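Heads up: the structure comes next, in structure tokens.
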Amino acid sequence: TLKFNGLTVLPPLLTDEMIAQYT
Amino acid sequence: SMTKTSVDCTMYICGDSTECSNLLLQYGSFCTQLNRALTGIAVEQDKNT
Amino acid sequence: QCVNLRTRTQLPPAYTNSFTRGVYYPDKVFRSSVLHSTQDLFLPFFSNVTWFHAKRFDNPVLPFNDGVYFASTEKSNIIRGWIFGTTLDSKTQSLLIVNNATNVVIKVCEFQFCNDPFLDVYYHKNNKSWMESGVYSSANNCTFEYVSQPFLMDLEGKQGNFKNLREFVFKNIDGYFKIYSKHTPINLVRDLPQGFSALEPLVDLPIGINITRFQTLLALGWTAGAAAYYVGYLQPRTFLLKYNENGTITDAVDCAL
Amino acid sequence: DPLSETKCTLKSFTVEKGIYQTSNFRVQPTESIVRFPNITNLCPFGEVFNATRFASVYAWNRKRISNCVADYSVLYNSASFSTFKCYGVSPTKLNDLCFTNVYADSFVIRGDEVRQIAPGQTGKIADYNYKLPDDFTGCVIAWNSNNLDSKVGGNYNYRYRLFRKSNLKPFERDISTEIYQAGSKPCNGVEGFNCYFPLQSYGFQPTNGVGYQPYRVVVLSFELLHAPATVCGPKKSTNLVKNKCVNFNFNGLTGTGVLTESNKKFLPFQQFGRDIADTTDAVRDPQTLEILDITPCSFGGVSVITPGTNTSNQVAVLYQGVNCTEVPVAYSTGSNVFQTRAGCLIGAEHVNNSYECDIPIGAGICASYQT
Amino acid sequence: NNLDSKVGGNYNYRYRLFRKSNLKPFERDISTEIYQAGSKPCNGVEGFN
Ligand SMILES: *[C@@H]1O[C@H](CO)[C@@H](O[C@@H]2O[C@H](CO)[C@@H](O[C@H]3O[C@H](CO)[C@@H](O)[C@H](O)[C@@H]3O)[C@H](O)[C@H]2NC(C)=O)[C@H](O)[C@H]1NC(C)=O
Ligand SMILES: *[C@@H]1O[C@H](CO)[C@@H](O[C@@H]2O[C@H](CO)[C@@H](O)[C@H](O)[C@H]2NC(C)=O)[C@H](O)[C@H]1NC(C)=O
Ligand SMILES: *[C@@H]1O[C@H](CO)[C@@H](O[C@@H]2O[C@H](CO)[C@@H](O)[C@H](O)[C@H]2NC(C)=O)[C@H](O)[C@H]1NC(C)=O
Ligand SMILES: *[C@@H]1O[C@H](CO)[C@@H](O[C@@H]2O[C@H](CO)[C@@H](O)[C@H](O)[C@H]2NC(C)=O)[C@H](O)[C@H]1NC(C)=O
Ligand SMILES: *[C@@H]1O[C@H](CO)[C@@H](O[C@@H]2O[C@H](CO)[C@@H](O)[C@H](O)[C@H]2NC(C)=O)[C@H](O)[C@H]1NC(C)=O
Ligand SMILES: *[C@@H]1O[C@H](CO)[C@@H](O)[C@H](O)[C@H]1NC(C)=O
Ligand SMILES: *[C@@H]1O[C@H](CO)[C@@H](O)[C@H](O)[C@H]1NC(C)=O
Ligand SMILES: *[C@@H]1O[C@H](CO)[C@@H](O)[C@H](O)[C@H]1NC(C)=O
Ligand SMILES: *[C@@H]1O[C@H](CO)[C@@H](O)[C@H](O)[C@H]1NC(C)=O
Ligand SMILES: *[C@@H]1O[C@H](CO)[C@@H](O)[C@H](O)[C@H]1NC(C)=O
Ligand SMILES: *[C@@H]1O[C@H](CO)[C@@H](O)[C@H](O)[C@H]1NC(C)=O
């Protein structure tokens with residue numbers, strides 16, 4: 001179970017769809 | 001991996017103030033040295049994956 | 001004018017358990033579904049409150065160190081207000097709260113009171129329902145004067161057939177004096193109701209004076225109803241407060257119980 | 001251009017192939033906005049400047065003032081006061097200054113004597129009955145009153161102090177009528193040689209010259225900031241704008257943000273809504289009692305995506321996590337713009353053909369330099 | 001005092017009481033124009049605003 005004040009969250013290069021394909 | 005993060009060190013330390021920003025200028029490279037570190041962490045989350 | 005009655009000696013205090021009460025919104029800040037670790041003057045959980053009741057009649061003077069929780073369970077409007085101050089003898093300014101039949105007055109003059117000062121249901125005195133006056137001689141320096149509607153007004157509850165709980169917290173910080181309050185109906189004979197609700201800031205006033213002691217004001221060779229009242233002292237303490245989905249505090253933890 | 005910004009950021013005249021961070025983007029405030037509850041408890045200055053009868057100066061009236069808005073908009077913007085001066089504050093700046101107490105001192109004097117009311121002055125009024133302290137920071141206000149306070153035979157109701165044992169301290173009201181000793185003899189009984197009653201009444205008649213005419217004098221005074229600010233000037237307010245980035249002040253809470261209509265319902269006693277990390281995320285409008293969401297104005301890192309320097313000078317720009325509707329507030333010409341899960345990507349051509357990942361962008365997107 | 005003061009007052013020496021805005025560092029002001037402290041304009045030499 002999982003922007004403000006100049007803090008940022010960036011996406012991973014591989015999406016959860018691409019990881020599901022390699023898997 | 002873990003969640004990639006990056007910070008605008010000035011927006012954190014100095015939100016919407018030029019008066020603070022011109023004082024932050026007295027401290028030199030730390031607001032870049034911090035981002036080199038966090039971008040190094042972020043690039044490695046792709047590498048690990 | 002004073003109507004003295006040293007008829008009753010200083011009978012010793014009853015004492016009871018204040019289970020989980022006198023929690024109040026520390027600030028005007030809305031939150032939702034989240035736990036807040038406020039540090040402030042609070043009534044400690046499960047602490048010994050002092051207890052008094054109205055041939056049954058009580059009205060003792062007592063101190064007000066940093067702040068005080070006050071309450072009654074009642075019907076038919078026996079209690080009407082409070083004096084707070086430091087000398088209580090015109091060497092210094094004081095603060096009077098009183099509710100009348102609907103309205104409130106909150107006022108501050110260079111009051112002289114009396115040894116045993118009160119306001120009853122005036123029938124005569126000067127004449128019928130006489131003005132907020134019999135607790136003092138002359139204010140003569142009434143710089144602060146505020147008035148309101150039904151500060152402690154009654155609610156339906158099938159003509160209030162339960163002894164309704166009326167809770168107040170009186171505080172001072174940075175020269176403001178702050179009042180927080182709640183009404184709740186409950187069914188209990190003579191003790192503070194074990195359960196949880198929280199008090200909201202009813203009013204603030206910026207009176208800015210040293211305050212040390214206080215005494216409640218209540219109404220009646222004479223005859224009257226009978227009801228209880230309680231007093232507890234705030235202490236500095238950390239509380240963790242559960243704000244619900246609608247903001248209102250729904251439960252608390254006393255971090256040093 | 002964005003390539004020049006990478007050269008400056010990398011401190012190199014030539015830049016290798018890759019993606020480089022540059023100065024962060026942030027949607028600017030479109031305008032400032034000030035919200036305060038519409039003025040209501042305006043101070044009782046009608047009970048001063050428009051009271052029908054004034055007091056005599058030997059026993060000058062004092063009115064104390066508290067718990068109100070010290071508005072002088074009708075006051076200082078009227079020429080109807082013939083001498084209104086302030087002595088430690090600018091009369092313009094009073095609307096942005098707070099007080100603590102206020103007192104109005106109200107009385108009638110002759111026009112030759114209005115000059116004596118100023119701090120650090122002398123003459124039988126200033127000497128004997130009404131002296132300001134020399135450090136008086138407040139103001140004296142006065143107006144010609146020959147139409148008001150004169151009587152056809154002389155208005156000998158209006159009395160002044162003609163004698164005193166010693167010249168007085170600040171604001172020392174004296175109500176004594178006991179006989180003055182002008183000579184070295186004791187004065188005994190109501191009258192005698194060198195005995196004088198300490199007062200006389202002014203002869204205010206409609207005929208008098210610009211000097212023997214009556215004036216209505218008020219001093220506005222205050223002892224400052226030792227206590228909560230129970231008297232202060234009118235906190236002005238401006239129109240409520242929405243759905244734009246703006247510099248707000250709500251009842252003293254500052255911030256720069258996008259304001260939006262909230263679905264959150266407060267209980268009546270609250271004004272600031274906060275999030276988990278004790279940051280403001282909503283506010284009540286003081287004058288309309290509705291809740292506004294506060295959202296921080298859109299911002300992001302700007303990354304420049306490039307083939308190497310000698311290879312080519314052409315570059316593309318990624319506005320990280322910015323919606324492409326918002327970037328044109330700044331390459332705002334567009335025509336090759338692609339909203340990606342990673343941000344608004346500007347100046348790179350979207351091609352359906354999947355190649356191997358060359359330069360990473362994020363969320364499955366990569367970029368490369370090709371035909 | 002004993003160089004620039006005079007028994008009747010040395011009214012040669014003067015300060016600027018009024019300025020629309022604060023002057024900048026090492027700025028000098030030689031304007032003698034009449035300061036409109038009230039709204040009503042004064043294309044003239046005198047008046048109570
Ligand atoms: C003493 O009390 C008087 C009554 O309150 C007050 O008079 C009022 O003054 C204002 C400003 O001069 C006038 O405001 C109106 O002026 C014109 C119409 O003449 C309009 O364009 C404006 O919008 C505004 O409505 C009031 O009309 C006027 N009222 C009366 C009954 O005369 C004096 O200003 C007060 N004087 C002092 C010294 O306190
Ligand atoms: C009550 O009256 C007393 C006496 O008039 C006030 O005490 C004066 O307070 C002012 C303001 O600080 C001082 O300048 C005086 O020197 C004080 N006089 C004396 C004799 O103490 C007091 O402030 C008044 N309180 C209220 C609330 O009005
Ligand atoms: C928060 O308060 C609201 C309003 O009192 C509650 O929503 C009400 O729920 C009852 C019972 O289902 C309905 O009769 C009302 O129509 C609802 N009100 C509205 C405005 O929709 C809500 O249940 C409360 N939440 C909590 C957790 O107590
Ligand atoms: C502040 O003043 C405005 C203007 O008098 C008030 O707005 C009026 O409110 C009523 C009831 O909502 C409406 O019938 C009017 O049409 C409104 N007029 C305007 C011009 O908006 C407002 O209610 C006041 N607010 C407070 C907090 O006092
Ligand atoms: C960028 O912002 C726009 C709004 O300005 C978003 O457009 C809305 O998208 C939802 C979901 O598809 C639709 O229900 C709305 O009708 C759209 N609004 C308009 C005005 O077209 C857009 O989705 C945003 N893009 C991203 C990826 O966040
Ligand atoms: C509570 O009060 C009783 C007296 O009624 C006393 O015996 C007891 O020790 C007190 N306990 C605490 C924790 O104050
Ligand atoms: C009380 O009595 C006085 C005269 O004794 C009278 O003037 C006044 O109106 C009365 N007040 C009421 C409320 O009846
Ligand atoms: C209530 O008290 C206030 C202040 O004493 C007074 O102005 C008001 O008229 C009173 N009203 C009644 C109903 O007694
Ligand atoms: C009351 O206030 C005065 C002045 O602030 C202070 O010196 C004194 O100690 C105070 N007394 C008490 C009992 O707090
Ligand atoms: C540009 O420089 C690189 C080395 O950095 C070299 O390999 C390449 O051949 C050069 N390109 C041209 C067109 O000269
Ligand atoms: C590429 O294919 C998508 C469907 O996957 C389509 O929506 C888009 O229009 C195509 N673009 C071009 C340029 O043909």
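We label chains A, B, ... in the order they appear in the structure tokens, count residues from 1 in each chain, and number ligands from 1 in the order shown.
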
Non-local contacts of range 170-180 of chain C (6 Å; only C-alpha atoms; under 6 positions in same chain excluded) as a compact mmCIF listing (two decimals) with C-alpha atoms, in the first residue's frame:
# COMPACT_ATOMS: atom_id res chain seq x y z
CA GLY C 67 -5.82 27.66 33.35
CA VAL C 68 -8.98 25.83 34.53
CA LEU C 199 -14.77 21.66 23.30
CA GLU C 200 -14.73 24.42 20.57
CA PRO C 201 -13.49 28.04 20.97
CA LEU C 202 -16.68 29.93 21.93
CA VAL C 203 -14.98 33.33 22.20
CA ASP C 204 -11.66 35.16 22.72
CA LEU C 205 -11.06 38.55 24.41
CA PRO C 206 -7.70 40.49 24.59
CA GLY C 208 -4.12 41.33 29.00

Item checked: Test item: chain D residues at most 10 Å from chain C, counting only C-alpha atoms, as a PyMOL selection string -> chain D and resi 64-67+101+226-230+264-276+278+280-283

Once you have the residues from the selection above, write them out as a short mmCIF file (atom, residue, chain, number, x, y, z; two decimals), in the first residue's frame, restricted to N, CA, C and O atoms.
data_model
loop_
_atom_site.label_atom_id
_atom_site.label_comp_id
_atom_site.auth_asym_id
_atom_site.auth_seq_id
_atom_site.Cartn_x
_atom_site.Cartn_y
_atom_site.Cartn_z
N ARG D 64 -11.85 57.70 26.27
CA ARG D 64 -11.02 56.54 25.99
C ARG D 64 -11.68 55.79 24.82
O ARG D 64 -12.91 55.73 24.73
N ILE D 65 -10.86 55.23 23.94
CA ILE D 65 -11.29 54.51 22.75
C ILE D 65 -10.58 53.15 22.73
O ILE D 65 -9.42 53.03 23.10
N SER D 66 -11.32 52.09 22.40
CA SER D 66 -10.84 50.70 22.39
C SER D 66 -11.70 49.83 21.45
O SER D 66 -12.79 50.22 21.05
N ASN D 67 -11.21 48.62 21.12
CA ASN D 67 -11.90 47.53 20.40
C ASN D 67 -12.57 47.94 19.08
O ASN D 67 -13.68 47.50 18.77
N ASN D 101 -4.24 51.12 23.29
CA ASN D 101 -5.35 51.97 23.68
C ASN D 101 -5.43 53.13 22.65
O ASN D 101 -4.50 53.30 21.84
N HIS D 226 2.64 47.43 23.98
CA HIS D 226 3.02 46.67 25.19
C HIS D 226 2.11 45.45 25.47
O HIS D 226 2.37 44.70 26.41
N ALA D 227 1.03 45.32 24.71
CA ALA D 227 -0.15 44.51 24.96
C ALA D 227 -0.84 44.17 23.61
O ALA D 227 -0.43 44.74 22.58
N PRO D 228 -1.85 43.28 23.55
CA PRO D 228 -2.56 42.99 22.30
C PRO D 228 -3.17 44.25 21.64
O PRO D 228 -3.61 45.19 22.31
N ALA D 229 -3.20 44.28 20.30
CA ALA D 229 -3.44 45.51 19.52
C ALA D 229 -4.93 45.87 19.36
O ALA D 229 -5.48 45.85 18.27
N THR D 230 -5.61 46.19 20.47
CA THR D 230 -7.07 46.39 20.55
C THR D 230 -7.64 47.55 19.70
O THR D 230 -8.86 47.70 19.63
N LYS D 264 -14.58 20.25 0.75
CA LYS D 264 -14.40 20.08 2.20
C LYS D 264 -15.38 20.96 2.97
O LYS D 264 -15.54 22.12 2.61
N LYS D 265 -16.00 20.43 4.02
CA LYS D 265 -16.87 21.21 4.91
C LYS D 265 -16.16 21.40 6.24
O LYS D 265 -15.95 20.43 6.96
N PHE D 266 -15.81 22.63 6.60
CA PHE D 266 -15.30 22.94 7.93
C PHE D 266 -16.44 23.03 8.94
O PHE D 266 -17.59 23.28 8.57
N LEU D 267 -16.11 22.89 10.23
CA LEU D 267 -16.95 23.40 11.31
C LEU D 267 -16.71 24.91 11.52
O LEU D 267 -15.57 25.35 11.32
N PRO D 268 -17.71 25.69 11.95
CA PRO D 268 -17.68 27.14 11.96
C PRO D 268 -16.46 27.86 12.54
O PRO D 268 -16.15 28.96 12.10
N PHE D 269 -15.75 27.27 13.49
CA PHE D 269 -14.65 27.95 14.20
C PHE D 269 -13.29 27.90 13.48
O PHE D 269 -12.32 28.46 13.97
N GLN D 270 -13.17 27.22 12.34
CA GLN D 270 -11.89 27.02 11.66
C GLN D 270 -11.68 27.99 10.50
O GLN D 270 -12.64 28.54 9.97
N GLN D 271 -10.44 28.17 10.06
CA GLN D 271 -10.12 29.04 8.92
C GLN D 271 -9.03 28.48 7.98
O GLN D 271 -9.10 28.73 6.77
N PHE D 272 -8.08 27.69 8.49
CA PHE D 272 -7.01 27.13 7.67
C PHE D 272 -7.11 25.61 7.67
O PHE D 272 -7.08 24.99 8.73
N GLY D 273 -7.22 25.00 6.51
CA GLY D 273 -7.13 23.56 6.38
C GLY D 273 -5.69 23.11 6.16
O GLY D 273 -4.99 23.73 5.36
N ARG D 274 -5.23 22.06 6.85
CA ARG D 274 -3.87 21.53 6.75
C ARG D 274 -3.80 20.06 6.40
O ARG D 274 -4.65 19.26 6.75
N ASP D 275 -2.71 19.72 5.72
CA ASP D 275 -2.34 18.36 5.33
C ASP D 275 -1.41 17.69 6.34
O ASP D 275 -1.00 18.30 7.32
N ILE D 276 -1.06 16.42 6.11
CA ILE D 276 -0.31 15.58 7.06
C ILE D 276 0.97 16.23 7.57
O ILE D 276 1.24 16.23 8.77
N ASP D 278 1.69 19.29 8.08
CA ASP D 278 1.37 20.57 8.69
C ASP D 278 1.43 21.78 7.73
O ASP D 278 1.56 22.92 8.15
N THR D 280 -0.55 24.18 4.84
CA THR D 280 -1.90 24.61 4.44
C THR D 280 -2.31 24.04 3.09
O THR D 280 -1.56 24.17 2.13
N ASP D 281 -3.48 23.42 3.00
CA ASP D 281 -4.05 22.92 1.74
C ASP D 281 -5.44 23.47 1.41
O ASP D 281 -5.99 23.18 0.35
N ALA D 282 -6.02 24.29 2.28
CA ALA D 282 -7.30 24.98 2.09
C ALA D 282 -7.43 26.21 2.99
O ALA D 282 -6.79 26.27 4.03
N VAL D 283 -8.31 27.15 2.66
CA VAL D 283 -8.61 28.34 3.46
C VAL D 283 -10.05 28.77 3.28
O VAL D 283 -10.61 28.60 2.20
#

Item checked: Env. residues ligand 2 / 7 Å / only C-alpha atoms and all ligand atoms / as a VMD selection string -> chain C and resid 93 108 to 110 141 to 144

Next item on the list: DSSP on the backbone, then: every residue of range 1-121 of chain D marked alpha helix (DSSP H), written as a PyMOL selection string.
Entry: chain D and resi 2-9+46-49+73-76

Write to file, as a PDB file, in the first residue's frame, the residues of the selection just made, with C-alpha atoms.
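Once written, out.pdb looks like this:
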ATOM      1  CA  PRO D   2      17.990  25.627 -24.170  1.00  0.00           C
ATOM      2  CA  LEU D   3      21.291  24.267 -25.588  1.00  0.00           C
ATOM      3  CA  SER D   4      23.078  27.454 -24.389  1.00  0.00           C
ATOM      4  CA  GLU D   5      21.489  26.929 -20.980  1.00  0.00           C
ATOM      5  CA  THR D   6      22.934  23.370 -20.818  1.00  0.00           C
ATOM      6  CA  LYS D   7      26.395  24.726 -21.873  1.00  0.00           C
ATOM      7  CA  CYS D   8      26.189  27.285 -19.057  1.00  0.00           C
ATOM      8  CA  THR D   9      24.961  24.610 -16.556  1.00  0.00           C
ATOM      9  CA  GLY D  46     -18.505  60.705  15.413  1.00  0.00           C
ATOM     10  CA  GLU D  47     -18.704  60.822  19.269  1.00  0.00           C
ATOM     11  CA  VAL D  48     -15.538  63.023  19.058  1.00  0.00           C
ATOM     12  CA  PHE D  49     -15.575  65.305  15.986  1.00  0.00           C
ATOM     13  CA  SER D  73     -10.637  58.040   5.524  1.00  0.00           C
ATOM     14  CA  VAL D  74     -13.373  60.638   6.281  1.00  0.00           C
ATOM     15  CA  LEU D  75     -10.924  62.408   8.693  1.00  0.00           C
ATOM     16  CA  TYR D  76      -7.630  62.999   6.806  1.00  0.00           C
TER      17      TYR D  76
END

Checklist line | Spatial neighbours of residue 91 in chain C, 9 Å, only C-alpha atoms, chain gap at least 2 places, as a list in words | finding: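 In the requested format, the answer is residues 87, 88, 89, 93, 110, 111 and 112 of chain C.
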
Item checked: chain B residues near chain D (9 Å cut-off, only C-alpha atoms) as a ChimeraX atom specification -> /B:6-8,16

Next item on the list: Give me the residues within 8 Å of range 228-244 of chain C as a VMD selection string, counting only C-alpha atoms and dropping any in the same chain fewer than 2 places off.
Entry: chain C and resid 31 to 44 48 to 54 64 to 74 190 226 246 to 256
